[PDB]
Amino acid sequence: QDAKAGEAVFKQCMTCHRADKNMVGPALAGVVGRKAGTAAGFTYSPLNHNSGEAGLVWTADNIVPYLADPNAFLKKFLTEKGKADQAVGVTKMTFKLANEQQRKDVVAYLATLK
């Protein structure tokens, strides 16, 4: 949860994201504490959209495990809500980051965006 260390991780994320504009992925400023799938202007996959509609909020404790495996996290979230029938298919332009500390740190950095 070292935000400054997270800034360096965020350079990897900038392959697809920016803070303040949509790119391959949605803009991330304000993502922490926000309903999943609700960045203005961005067309989400069914899986990413349905997860937010089912009540997924991007708290730090949700973002960190998500970053290791977006598809598996979102499917598990929906399945535990009794909504496996909304979990069919996969996300867009999928990226995984294995390193846990890097995930924790970048998530602290995301909170600094707003």
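Each residue number is its position in the shown sequence, starting from 1.
The mean C-alpha temperature factor is higher for 37-45 when 37-45 and 59-67 are set side by side. As listed in the deposited structure, the average C-alpha B-factor of 81-89 and of 24-32 is greater for 81-89. Per-chain ranking of the deposited C-alpha B factor places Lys11 in the highest third.
In the deposited entry, the Cα temperature factor of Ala54 sits in the top third of values across the chain's modelled residues. Sort the modelled residues of the chain by CA B factor and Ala3 lands in the middle third.
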